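work.txt follows (compact mmCIF, N, CA and C atoms and all ligand atoms):
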# COMPACT_ATOMS: atom_id res chain seq x y z
N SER A 96 -14.92 37.12 -33.80
CA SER A 96 -13.45 37.25 -33.81
C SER A 96 -13.03 38.73 -33.91
N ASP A 97 -11.81 39.02 -33.42
CA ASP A 97 -11.18 40.35 -33.53
C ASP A 97 -10.80 40.65 -35.00
N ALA A 98 -10.75 41.94 -35.35
CA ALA A 98 -10.51 42.39 -36.75
C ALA A 98 -9.07 42.14 -37.22
N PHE A 99 -8.14 41.90 -36.28
CA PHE A 99 -6.72 41.70 -36.58
C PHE A 99 -6.38 40.22 -36.83
N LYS A 100 -5.77 39.98 -38.01
CA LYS A 100 -5.00 38.77 -38.36
C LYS A 100 -5.86 37.50 -38.52
N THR A 101 -7.19 37.67 -38.54
CA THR A 101 -8.14 36.57 -38.70
C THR A 101 -8.41 36.24 -40.19
N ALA A 102 -7.86 37.08 -41.08
CA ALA A 102 -7.91 36.88 -42.54
C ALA A 102 -6.64 37.48 -43.18
N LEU A 103 -6.27 36.97 -44.36
CA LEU A 103 -5.10 37.45 -45.13
C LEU A 103 -5.39 38.81 -45.81
N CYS A 104 -4.32 39.54 -46.14
CA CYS A 104 -4.39 40.89 -46.72
C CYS A 104 -4.49 40.82 -48.25
N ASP A 105 -5.65 41.24 -48.78
CA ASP A 105 -5.95 41.23 -50.23
C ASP A 105 -4.94 42.10 -51.01
N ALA A 106 -4.64 43.28 -50.45
CA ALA A 106 -3.70 44.25 -51.04
C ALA A 106 -2.27 43.69 -51.11
N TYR A 107 -1.88 42.92 -50.08
CA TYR A 107 -0.54 42.31 -49.99
C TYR A 107 -0.40 41.13 -50.98
N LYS A 108 -1.49 40.36 -51.16
CA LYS A 108 -1.48 39.16 -52.02
C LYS A 108 -1.47 39.55 -53.52
N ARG A 109 -2.32 40.52 -53.89
CA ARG A 109 -2.56 40.91 -55.29
C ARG A 109 -1.60 42.02 -55.75
N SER A 110 -1.52 43.11 -54.96
CA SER A 110 -0.76 44.33 -55.34
C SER A 110 0.63 44.38 -54.66
N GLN A 111 0.81 43.54 -53.61
CA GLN A 111 2.01 43.49 -52.73
C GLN A 111 2.06 44.67 -51.75
N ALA A 112 1.90 45.90 -52.28
CA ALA A 112 1.78 47.12 -51.47
C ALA A 112 0.45 47.13 -50.68
N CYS A 113 0.53 47.46 -49.39
CA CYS A 113 -0.63 47.56 -48.49
C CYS A 113 -0.72 49.01 -47.97
N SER A 114 -1.91 49.62 -48.09
CA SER A 114 -2.13 51.06 -47.80
C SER A 114 -1.81 51.44 -46.34
N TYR A 115 -2.07 50.50 -45.41
CA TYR A 115 -1.81 50.70 -43.96
C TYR A 115 -0.41 50.18 -43.56
N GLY A 116 0.17 49.31 -44.41
CA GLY A 116 1.50 48.73 -44.16
C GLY A 116 1.50 47.74 -43.00
N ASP A 117 2.34 47.99 -41.98
CA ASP A 117 2.42 47.15 -40.76
C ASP A 117 1.24 47.42 -39.80
N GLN A 118 0.48 48.50 -40.07
CA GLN A 118 -0.75 48.84 -39.31
C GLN A 118 -2.00 48.21 -39.96
N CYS A 119 -1.77 47.30 -40.93
CA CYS A 119 -2.84 46.54 -41.62
C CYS A 119 -3.51 45.55 -40.66
N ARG A 120 -4.85 45.64 -40.55
CA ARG A 120 -5.66 44.74 -39.71
C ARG A 120 -5.68 43.29 -40.26
N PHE A 121 -5.16 43.09 -41.47
CA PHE A 121 -5.07 41.77 -42.11
C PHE A 121 -3.62 41.23 -42.06
N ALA A 122 -3.50 39.91 -42.21
CA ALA A 122 -2.24 39.17 -42.09
C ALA A 122 -1.42 39.22 -43.39
N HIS A 123 -0.11 39.54 -43.26
CA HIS A 123 0.85 39.57 -44.38
C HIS A 123 1.71 38.28 -44.41
N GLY A 124 1.11 37.17 -43.95
CA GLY A 124 1.77 35.87 -43.93
C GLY A 124 1.02 34.86 -43.08
N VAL A 125 1.40 33.58 -43.18
CA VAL A 125 0.79 32.48 -42.41
C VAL A 125 1.16 32.58 -40.91
N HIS A 126 2.36 33.13 -40.63
CA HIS A 126 2.85 33.38 -39.26
C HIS A 126 2.06 34.55 -38.62
N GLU A 127 1.70 35.53 -39.47
CA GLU A 127 0.85 36.67 -39.09
C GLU A 127 -0.62 36.23 -38.97
N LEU A 128 -0.98 35.15 -39.69
CA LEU A 128 -2.35 34.65 -39.74
C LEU A 128 -2.67 33.80 -38.50
N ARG A 129 -3.59 34.32 -37.67
CA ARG A 129 -4.23 33.59 -36.57
C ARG A 129 -5.75 33.64 -36.79
N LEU A 130 -6.24 32.79 -37.70
CA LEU A 130 -7.67 32.72 -38.07
C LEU A 130 -8.51 32.04 -36.95
N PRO A 131 -9.87 32.25 -36.92
CA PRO A 131 -10.77 31.49 -36.01
C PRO A 131 -10.63 29.97 -36.22
N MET A 132 -9.98 29.31 -35.26
CA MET A 132 -9.58 27.89 -35.36
C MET A 132 -10.82 26.98 -35.27
N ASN A 133 -11.33 26.57 -36.44
CA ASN A 133 -12.44 25.61 -36.54
C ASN A 133 -11.90 24.17 -36.33
N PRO A 134 -12.66 23.27 -35.61
CA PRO A 134 -12.25 21.85 -35.40
C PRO A 134 -11.87 21.11 -36.70
N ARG A 135 -10.71 20.43 -36.67
CA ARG A 135 -10.19 19.64 -37.80
C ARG A 135 -10.74 18.20 -37.79
N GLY A 136 -11.55 17.88 -36.76
CA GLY A 136 -12.17 16.56 -36.61
C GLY A 136 -13.25 16.29 -37.65
N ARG A 137 -12.81 15.91 -38.85
CA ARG A 137 -13.69 15.68 -40.01
C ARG A 137 -13.32 14.35 -40.70
N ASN A 138 -12.02 14.00 -40.62
CA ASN A 138 -11.46 12.75 -41.20
C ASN A 138 -12.02 11.51 -40.46
N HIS A 139 -12.12 10.39 -41.20
CA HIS A 139 -12.64 9.11 -40.69
C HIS A 139 -11.60 8.43 -39.75
N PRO A 140 -11.88 8.32 -38.41
CA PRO A 140 -11.00 7.64 -37.45
C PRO A 140 -11.43 6.16 -37.21
N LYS A 141 -10.75 5.22 -37.89
CA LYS A 141 -11.12 3.79 -37.84
C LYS A 141 -10.36 3.02 -36.73
N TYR A 142 -11.12 2.57 -35.72
CA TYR A 142 -10.69 1.53 -34.76
C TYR A 142 -10.73 0.17 -35.49
N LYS A 143 -11.85 -0.06 -36.20
CA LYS A 143 -12.06 -1.23 -37.06
C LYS A 143 -11.43 -0.92 -38.43
N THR A 144 -10.32 -1.60 -38.77
CA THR A 144 -9.48 -1.24 -39.94
C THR A 144 -9.70 -2.19 -41.14
N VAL A 145 -9.42 -3.49 -40.93
CA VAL A 145 -9.60 -4.56 -41.95
C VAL A 145 -10.95 -5.25 -41.70
N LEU A 146 -11.56 -5.87 -42.74
CA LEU A 146 -12.87 -6.56 -42.60
C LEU A 146 -12.78 -7.79 -41.67
N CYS A 147 -13.90 -8.12 -41.00
CA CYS A 147 -13.98 -9.22 -40.02
C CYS A 147 -14.31 -10.53 -40.75
N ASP A 148 -13.35 -11.48 -40.75
CA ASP A 148 -13.46 -12.75 -41.51
C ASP A 148 -14.42 -13.72 -40.81
N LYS A 149 -14.39 -13.74 -39.46
CA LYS A 149 -15.27 -14.59 -38.64
C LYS A 149 -16.74 -14.18 -38.82
N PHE A 150 -16.97 -12.86 -38.85
CA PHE A 150 -18.31 -12.28 -39.06
C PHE A 150 -18.79 -12.53 -40.51
N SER A 151 -17.84 -12.73 -41.44
CA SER A 151 -18.14 -12.99 -42.86
C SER A 151 -18.42 -14.49 -43.12
N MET A 152 -17.77 -15.39 -42.36
CA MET A 152 -17.86 -16.86 -42.58
C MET A 152 -19.02 -17.47 -41.77
N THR A 153 -19.02 -17.23 -40.45
CA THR A 153 -20.00 -17.82 -39.51
C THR A 153 -21.15 -16.85 -39.21
N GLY A 154 -20.98 -15.58 -39.64
CA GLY A 154 -21.95 -14.52 -39.36
C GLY A 154 -21.82 -13.95 -37.96
N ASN A 155 -20.81 -14.42 -37.20
CA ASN A 155 -20.63 -14.09 -35.78
C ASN A 155 -19.16 -13.81 -35.46
N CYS A 156 -18.94 -12.73 -34.70
CA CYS A 156 -17.63 -12.34 -34.18
C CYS A 156 -17.73 -12.27 -32.64
N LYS A 157 -16.88 -13.06 -31.95
CA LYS A 157 -16.99 -13.28 -30.49
C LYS A 157 -16.62 -12.02 -29.67
N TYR A 158 -15.79 -11.14 -30.25
CA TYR A 158 -15.33 -9.90 -29.60
C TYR A 158 -16.46 -8.84 -29.57
N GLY A 159 -17.27 -8.82 -30.64
CA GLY A 159 -18.36 -7.85 -30.78
C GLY A 159 -17.85 -6.42 -30.95
N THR A 160 -18.04 -5.58 -29.92
CA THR A 160 -17.61 -4.17 -29.93
C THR A 160 -16.07 -4.06 -29.77
N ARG A 161 -15.47 -5.09 -29.14
CA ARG A 161 -14.01 -5.18 -28.91
C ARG A 161 -13.25 -5.48 -30.22
N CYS A 162 -13.99 -5.96 -31.24
CA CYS A 162 -13.41 -6.40 -32.52
C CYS A 162 -12.68 -5.25 -33.23
N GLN A 163 -11.41 -5.50 -33.58
CA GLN A 163 -10.54 -4.54 -34.30
C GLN A 163 -10.81 -4.59 -35.82
N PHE A 164 -11.80 -5.40 -36.23
CA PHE A 164 -12.16 -5.63 -37.63
C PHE A 164 -13.61 -5.16 -37.92
N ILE A 165 -13.83 -4.67 -39.15
CA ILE A 165 -15.11 -4.10 -39.61
C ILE A 165 -16.18 -5.19 -39.79
N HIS A 166 -17.26 -5.10 -39.01
CA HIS A 166 -18.42 -5.99 -39.14
C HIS A 166 -19.29 -5.53 -40.32
N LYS A 167 -19.04 -6.15 -41.48
CA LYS A 167 -19.79 -5.91 -42.71
C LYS A 167 -20.67 -7.13 -43.01
N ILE A 168 -21.99 -6.89 -43.17
CA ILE A 168 -22.96 -7.93 -43.54
C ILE A 168 -22.82 -8.22 -45.05
N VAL A 169 -22.09 -9.30 -45.37
CA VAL A 169 -21.75 -9.68 -46.75
C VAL A 169 -22.93 -10.44 -47.39
N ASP A 170 -23.40 -9.95 -48.55
CA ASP A 170 -24.52 -10.56 -49.30
C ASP A 170 -24.06 -11.84 -50.03
N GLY A 171 -25.02 -12.74 -50.29
CA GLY A 171 -24.75 -14.05 -50.91
C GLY A 171 -25.13 -15.19 -49.97
N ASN A 172 -25.82 -16.21 -50.50
CA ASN A 172 -26.35 -17.34 -49.70
C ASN A 172 -25.65 -18.65 -50.10
N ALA A 173 -25.28 -19.46 -49.08
CA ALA A 173 -24.73 -20.81 -49.27
C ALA A 173 -25.89 -21.82 -49.39
ZN ZN A 201 -2.23 44.59 -45.40
ZN ZN A 202 -15.39 -8.90 -35.53
Go through the file and emit its structure as structure tokens.
Ligand SMILES: [Zn+2]
Ligand SMILES: [Zn+2]
Amino acid sequence: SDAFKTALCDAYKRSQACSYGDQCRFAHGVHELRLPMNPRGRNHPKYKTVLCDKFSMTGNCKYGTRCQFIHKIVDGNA
């Protein structure tokens, strides 16, 4: 990354006064801040939202991969 605006200004945050001022290679705000944009794709994206009742009762769900419900192998014997 380039030396400009990829990190916040330590002098501006702690001391407020910055030695270079507006010629500071660091950002004096979030609008000034253009950091190296790392992917935000970390959160869990669920197609299958609620548990599958058919897969829990009969052990089988007819939709399979199409199922909008979570196929969880539930322990316990009848
Ligand atoms: Zn600065
Ligand atoms: Zn299912």
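For the pair atom CA of residue 161 of chain A and atom C of residue 141 of chain A, the separation is 11.9 Å.
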Which chains and residue numbers are within 6.5 Å of ligand ZN 201 (chain A), counting all atoms listed in the file, if I want them as an MDAnalysis selection string? chainID A and resid 104:107 112:116 119:123
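With all atoms listed in the file as the atoms that count, the minimum distance from residue 143 of chain A to the choices A:103, A:169, A:162, A:156 is reached by A:162.
For the pair atom N of residue 98 of chain A and atom CA of residue 124 of chain A, the separation is 16.3 Å.
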Restricting to only N, CA and C atoms and all ligand atoms, whichever of A:172, A:153, A:111, A:147 is closest to ligand ZN 202 (chain A) is A:147
Write down as a ChimeraX atom specification the residues belonging to chain A that are assigned alpha helix (DSSP H) by DSSP computed on the backbone. /A:105-109,148-152
Write a file of the selected residues as a compact mmCIF listing (two decimals), in the frame of the given file, keeping N, CA and C atoms.
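The result, written out as out-v8.txt:
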# COMPACT_ATOMS: atom_id res chain seq x y z
N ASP A 105 -5.65 41.24 -48.78
CA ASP A 105 -5.95 41.23 -50.23
C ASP A 105 -4.94 42.10 -51.01
N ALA A 106 -4.64 43.28 -50.45
CA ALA A 106 -3.70 44.25 -51.04
C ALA A 106 -2.27 43.69 -51.11
N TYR A 107 -1.88 42.92 -50.08
CA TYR A 107 -0.54 42.31 -49.99
C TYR A 107 -0.40 41.13 -50.98
N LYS A 108 -1.49 40.36 -51.16
CA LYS A 108 -1.48 39.16 -52.02
C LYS A 108 -1.47 39.55 -53.52
N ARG A 109 -2.32 40.52 -53.89
CA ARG A 109 -2.56 40.91 -55.29
C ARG A 109 -1.60 42.02 -55.75
N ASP A 148 -13.35 -11.48 -40.75
CA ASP A 148 -13.46 -12.75 -41.51
C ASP A 148 -14.42 -13.72 -40.81
N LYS A 149 -14.39 -13.74 -39.46
CA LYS A 149 -15.27 -14.59 -38.64
C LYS A 149 -16.74 -14.18 -38.82
N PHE A 150 -16.97 -12.86 -38.85
CA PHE A 150 -18.31 -12.28 -39.06
C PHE A 150 -18.79 -12.53 -40.51
N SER A 151 -17.84 -12.73 -41.44
CA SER A 151 -18.14 -12.99 -42.86
C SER A 151 -18.42 -14.49 -43.12
N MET A 152 -17.77 -15.39 -42.36
CA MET A 152 -17.86 -16.86 -42.58
C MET A 152 -19.02 -17.47 -41.77
Shell of 8 Å around residue 129 of chain A, only C-alpha atoms, local chain residues under 6 positions omitted, as a ChimeraX atom specification: /A:100-102
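The space between atom CA of residue 160 of chain A and atom CA of residue 146 of chain A spans 13.7 Å.
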Write as a PyMOL selection string the residues around ligand ZN 202 (chain A), taking 6 Å as the cut-off and counting all atoms listed in the file. chain A and resi 147+150+156-159+162-166
Chain A: residues DSSP assigns to strand (DSSP E or B), reported as a PyMOL selection string: chain A and resi 103+122+145-146+164-165
Looking at only C-alpha atoms, which of A:144, A:155, A:99, A:170 is the one that sits closest to residue 127 of chain A? A:99
